[PDB]
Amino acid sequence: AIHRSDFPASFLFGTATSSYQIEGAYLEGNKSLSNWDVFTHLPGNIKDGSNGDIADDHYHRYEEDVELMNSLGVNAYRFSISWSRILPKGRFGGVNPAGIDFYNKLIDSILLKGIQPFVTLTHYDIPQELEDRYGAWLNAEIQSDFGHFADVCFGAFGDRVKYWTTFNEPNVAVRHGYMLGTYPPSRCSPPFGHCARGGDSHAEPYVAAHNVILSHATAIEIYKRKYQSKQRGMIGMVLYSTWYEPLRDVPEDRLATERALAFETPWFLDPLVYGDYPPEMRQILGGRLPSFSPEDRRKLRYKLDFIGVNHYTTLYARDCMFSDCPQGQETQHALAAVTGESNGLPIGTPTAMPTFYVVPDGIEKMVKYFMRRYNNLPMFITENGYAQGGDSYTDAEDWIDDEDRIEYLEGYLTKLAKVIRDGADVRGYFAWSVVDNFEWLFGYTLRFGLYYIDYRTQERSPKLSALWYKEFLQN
């Protein structure tokens, strides 16, 4: 139904991964332990008790994986840099040459094939030492550690990297880390949970996000002052971007939907474009959102060059400001509750990933929301994809037969082409993911790959969706 010629000639088409999810070699090349290395070696977090010690062994097998994505006909590859490989002990501990060498080799390998790097600096990971030393995102010192990490990466790689992302889904990582306590550093308080480390779910998430925002600001100021004129790249941020519809078409749910939306991506994007937190959030949270100092505001004037849209799903939102709702969900402070069901029944076909429903027009509506709120600031679809999982899959052939993924990709790409025809400045699309990999708390139980991975042998095998994406990119 949809074809490559339905998109602009200069459009990026790629796949996306992250370092912890694919690399393995978790203690090789003088790399230090990350937050996720430490976390996954504790019990009671990952669904299948797995970890990323080995993952897809991409640290050793990257050349094969580059060859595979090249065989699909991609012109870009979205990946992240392991902080713990570059600055194992943070900014006073010296740059790790083996880490620099690994990413130089990866970058050179993709560019040899005409595949453009689209690089995420941080994608949930930090060296554990930064948590241990000063509590990572709860201390403003992280801004300097992140700034230094950015500076090193720009200097080492930026002659060949023209697209950078500071952070991947900090809206997810912050709320899971400090509100629900289900991600490291596993901090929370009632009514969200009882976290043995302590926490404050009504304060700490907002401090953490504040420091993420200002870490971005620190990094992009460095980029614009030191590197932009020579390197001519763009610096963005990637946000988890769910579309929301009112459960009932009445003002209270419409307003709740607008709150649900404003509490997600604008939490980060309003500061980076307008210099203040969303007024929807400020009205409710007041002083729980920290202020931006004059020094902060100087850095915020560098803004961001693009919005990285990680869009997978669409949900209904309903009001909790004037109705009593269950407490302790991540949407609590927004005074909305979200659900995939209306009168018991799904918004679109359910999938193996909780909250992920097949709702293609969500990508159009999400893009239009950014267009209206941010005056059509450039966007890239930095992740979109479909997970397989569960008892229907006993062997490779079952995973390979992924017509369900094809239908998803086809539908969402159809709607993306439409929103671009309608004026949206979307400049690329990245399928999550080229390979099955470690899906955070779900471990290996969810498989998002265009390629199937046998974790016993590390064999890569193309699923039907790999063949489909190749056909699509051939036009």
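Don't overthink the numbering: it's just position in the shown sequence, from 1.
Trainee: Would you determine, from the values in the PDB entry, which of 414-422 and 45-53 has the greater average C-alpha temperature factor?
Mentor: 414-422 has the higher mean C-alpha B-factor.
Trainee: Compare the mean C-alpha B-factor of 66-74 with that of 33-41 as given in the PDB entry, and name the stretch with the higher value.
Mentor: Per the PDB entry, the higher value belongs to 66-74.
Trainee: Given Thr242, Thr257, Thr355, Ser293, identify the residue with the highest C-alpha B factor in the PDB entry.
Mentor: Within the set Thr242, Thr257, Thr355, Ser293, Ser293 shows the top C-alpha B-factor.
Trainee: Which listed residue, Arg175, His210, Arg232, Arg405, has the largest C-alpha temperature factor in the record?
Mentor: In the PDB entry, the greatest C-alpha B-factor among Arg175, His210, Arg232, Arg405 is found at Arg232.
Trainee: Using the temperature factors of the C-alpha atoms in this entry, rank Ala150 within its chain: lowest, middle or highest third.
Mentor: It falls in the middle third of the chain.
Trainee: Among the modelled residues of this chain, does the Cα B factor of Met379 put it in the lowest, middle or highest third?
Mentor: Within its chain, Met379 is a lowest-third residue by C-alpha B-factor, going by the deposited values.
Trainee: What third of its chain's C-alpha B-factors does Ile220 belong to: lowest, middle or highest?
Mentor: As the PDB entry reports it, the C-alpha B-factor of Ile220 lands in the middle third of its chain.
Trainee: Per the entry's values, where does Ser18 land by CA temperature factor relative to the rest of its chain, in the lowest, middle or highest third?
Mentor: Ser18: CA B-factor falls in the lowest third of its chain.
Trainee: Place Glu264 in the lowest, middle or highest third of its chain's C-alpha B-factors, as listed in the PDB entry.
Mentor: Ranked within chain, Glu264 CA B lands in the middle tercile.
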